[PDB]
Structure formats: C-alpha cells, structure tokens
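Below you'll find only one chain, the form solved without castanospermine (CTS), shown as structure tokens.
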C-alpha cells in the first residue's frame, strides 16, 4: 500500500495569540497568520496546527471555550478563518485545529443552563455532586490551583473542573452531550479542516463514584485522571460517528497516561486516533509538582525516545516534538541557550527533530532558535497555571514567592508564548502596539528577517533539514534504531527503508567527541552537518565531532 500524507508531513504549530498581530491590540490574529503563509511555505511546512481559535473568555487563552461554533473575537471573524483556509489551500497546505472537549468555559450556554437546577435538561452535561463530610465530594486537586470541585450556591452542589474553575469538565457519560460534541466536530470538518488535535484526550472518562485518590495517586493525579473506565469506548464511538465519515487526521494529546497504554489510542486497527502526542520526553526532567526541574542526561533522553518509539509498534504512529505552548523553549530545555552555544545546539536539536520516526511538529520560533524569557518577577507571568502554583505553594507556606519564581522561570508555559520575533523593529515586528506578553529582549539578535537571508542561520538549517526529510523516505517512515541507549554523550541512530540506511549522529556535549560506527558500517555520503569543519571521508568507520555537532549520513 502507501503511507498517509500525515506520516511524511512536517507540521508547524502556531499559537495565534503570539504569532502575528495586524491591528495593534497586542494580540496575534488570523490576518497575521494568513499574511505569513508564504513564510511557512518557504520553510517547507506541509500543515499547521493552530491552538484554540474559538470564542473564549480567555481565562486559559483559548482552552476555555464559550461557543464551539464561533471564532475568538481577538483572532477575527469566521470570514477571516475561511480566508486562512482558502490561502492555505492555494499553497497546498493543510490545517489542523485544536479540539478542546474535556471541558468548556463556564460561560458556555450549556453550563449556564446546567447550573440553573438539578432537573435542568443540561444538568448532566457536566459533573455535579454533593460535598462530603462538610467539604468537597473528594480530594481531587486541580491542575490550576486548589480543589477540582467548585461549589455553586445556585444549587448547593459542586461541579468538577480538572483545570480552571472557569473550565467545568464535560460529562462524556451523558449520551446527549456526546452527540452534541460529535455534531460540533462535523461543523468544522464540513468546512474542510484536515486534522484535529485533541486536548487532554485521555481525561474524558471520569471514575464512577468519584472515590478519593490514594496518597500515591495524589502525588501523580494527572495519571489517575487518565484511568476512566469508559475512555476508549468513547474514543471508538467518536471515531465511528465522526471521523469514519471524513478524511482528516486525528492527533491526541495523551497527557498523564502511562506510556504502555498509548497503543490503545493509536493502533490503527482499534479505530480511535491516528497519531500520539506523548509527554514522557518533554516532561522527562520535570518534577511531579510540575514546577521543579530534575537533572537528566542524554541517556535518559534517548532511552525515553526508545520506549516511545517501541510503543508505536507496526500499527501505531507518533508525532515528535521538542516544544509546544505548554513547555519551556526547546533550545533552553534540551540544548544550551548560552550566547556561544545557542545556535549550535539549536541546529543539533533540529537535526534530531527532523530525523525522528513519526510526524514532527515544529513549534513557532524554534526554527529561529528562540529561548526562554528572562522573567524578573511573578508579575511577568500571565499563565493561570503559575497563579495556581502560588495559591497551592506560596500562600500555603510550602515555598516562598522567590523560590516559585526561580524555579517556574525554567518551566513555565509563558516561555513559549512570548511574541514571535519577526525582525528587529519595535517589539520584533510582532505588533505596532503593546504585546499582551513582553517580547524577549534578545529579539535584536534572534529574528526571522536576520536569519532568512543568512545561509548559516538556524532558520536555513531547519529549511534544509526539511527538504532533506521530504526527499528521503527513510527519514520519515523508515525504521528507527538507537545505536547505544547507554551513551550519555553522543546521540546516534539509524533510519532504514527498502535497503537505504541513514545514520544520524548528534553530539550533545559542548566538547569534542568521537564516534565509532557499528562494526561493518561505513559512511557512504554526507547529506548535511552543523558545526562541522569537514564531512567525513567516504568509507569512514568513525567520526570526530565538534561541540554540539550534528549530521545525517547515508551509510553502507
């Protein structure tokens, strides 16, 4: 047969709010994204995944939807959305929208009705329960602060919200609710959308009776929330009633789920989702409280990739990303963002990103080498999640304001949300007004305009890597094999398909290193290298690597 277009595609994630503003209000919009399609096309992007673009009070920047069938006021009108669609099509590009159906805004008409009374027709579109022993129904904690249960004096019961208090969870146990969600998905799919990314898709099913989480589960409640007994039953139904009638690719954000359960979501034979967004890697050095970091090495990094790949099997498929809107900047996180190493390590990570088995997603700005932001006070963060950490850890006396700042500065989601750096004009050319989130001062050195015309820029390297990937089947659908899972210095692996085998060698140390190819393996040709003074001689049996050097070679 043949592999789907999404298995050989290179996606680009656009956070509209911080991509390109065109009316000076400081917030990115659709016209802004539409004006930059030539930029993405030139980069070689095949499809774009945009974060939530629906009507929202923005307590969680788009993830709290008040109307699934209207566009967010800040981004434009439905017409603007249609225009984005048409322009993407004119360039042969596809659009993947974000689907947020684990919860809705508390301003959604379903919730407004739901809270009116216990006998209301929409009561069960959400989860309402009586408190217990004078307190909340159970000990469920919220990702964004305090209890996952909020009492509503209108009825006296508590409603469930894994996330923000203004993000009540939708009740998937209710048939009419599921039917409404399916009809909503068809609304967008009928418009031609080519893909859907499902926000926290593993938390749709809630545990019957809502018993308390054990002390252990409390430590990792995110995992417990992914163990609903009707989860896959619901996913199979959605696929049967919706996706079976369209030709769109589905990608689930399987956050919190044990890696061993991932196959249940993506094995094609199961008819659930097409691709998986896993977080074992991107959160591989994150503490359980989600705001502290834990030192890891390349060995942990590669081994995690190892496991995630193995999980895909023969019928599953992974997406591969080193960054997104919920995590610190790739180069700062996995590379070395210091001035002398930023560019070298950003290129090294690009090589990794574009040579991994699965569908790679490039997060806006990483192709430029953008870094974390130099937060100075807690007021510099906008993220509701940080306010949650303050409520749960500072106001409770567990940590000082300074300790939260020091640590959250390295992990905060806002690191990835600062305005895209287009050029060195006012606010990096992002807006003519005041950006909703301050632009990183390093935009004077790191910006698209400066990198586009420079053959040695991080941008040009990405572009070239993307062309190489597009021209080399093995680099997308080829098998993957880690040459040495225990090596904590140089990441080396092969990609093979129909006889053609390629070698990827990336030095993760800011020091010279050597690499000996597996016995019998020799270099045939060098497709590309970064930070390398010279390609290896044809027939080479080993490689001498410069600090943070990366390379792709066809072997024999």
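Positions refer to the first chain, counted from 1.
Keep in mind that the form deposited with castanospermine (CTS) bound is missing from the display, and what follows is about it.
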query: Binding-site state, shown form vs castanospermine (CTS) in the entry with it bound, superposed, 3 or more atoms under 2.4 Å of backbone or C-beta; finding: open
query: Stretch in contact in the entry with it bound with castanospermine (CTS), which is absent here, among 434 to 442, 364 to 372, 319 to 327, 122 to 130 (heavy atoms within 4.5 Å); finding: 319 to 327
query: 390, 279, 110, 341 - the one with a heavy atom within 4.5 Å of castanospermine (CTS) in the entry with it bound; finding: 279
query: Contact assignment for castanospermine (CTS) in the entry with it bound, among 158, 381, 462, 144, heavy atom within 4.5 Å; finding: 144
query: 4.5 angstroms heavy atom contact with castanospermine (CTS) in the entry with it bound for residue 413; finding: yes
query: Castanospermine (CTS) contact at residue 500 in the entry with it bound, heavy atom, 4.5 Å; finding: no
query: 4.5 Å heavy atom contact, residue 199 and castanospermine (CTS) in the entry with it bound; finding: yes
query: Partner proximity in the entry with it bound: residue 489 to castanospermine (CTS), non-hydrogen atom cutoff 4.5 Å; finding: no
